[PDB]
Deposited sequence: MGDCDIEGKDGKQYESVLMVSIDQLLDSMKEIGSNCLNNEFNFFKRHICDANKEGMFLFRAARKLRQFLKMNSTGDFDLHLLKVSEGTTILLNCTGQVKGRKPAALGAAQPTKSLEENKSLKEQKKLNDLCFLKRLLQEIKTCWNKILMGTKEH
């Protein structure tokens, strides 16, 4: 019960989101957005990456829609938010529409997680 809560639940939403985006690829591929430059998942305490990356996913939430897509976004965010305190490290904006970003964002959110777990 320490990291299991991720793959068993949290990672579920992350993958379902990535799948709906399998059709995205070459067209925009690497744009090197400021975010991945500034914040990075460095072995040197990488929980600070997800604590930010979490709030950032919060910028794709429209007029509080009830789609499976938004919901997974909530889950991955809130889920990552809450999974952070319980898992140690812890403490106490406009809008985004770019899916090429959202994707990379999820890739990383995916990587860093198991990076801290494994």
item	value
Missing CA stretches, deposited numbering from 1, N-terminus first	1-8, 101-123, 150-154
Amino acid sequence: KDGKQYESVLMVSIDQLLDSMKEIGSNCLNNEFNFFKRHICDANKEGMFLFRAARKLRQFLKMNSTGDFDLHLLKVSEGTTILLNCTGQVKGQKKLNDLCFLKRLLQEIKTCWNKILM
From here on, numbers count along this sequence of modelled residues.
query	finding
Higher-scoring stretch by recorded Cα B factor average, 42-50 or 70-78	42-50
Given 20-28 and 6-14, the range whose Cα B-factors average higher in the PDB entry	20-28
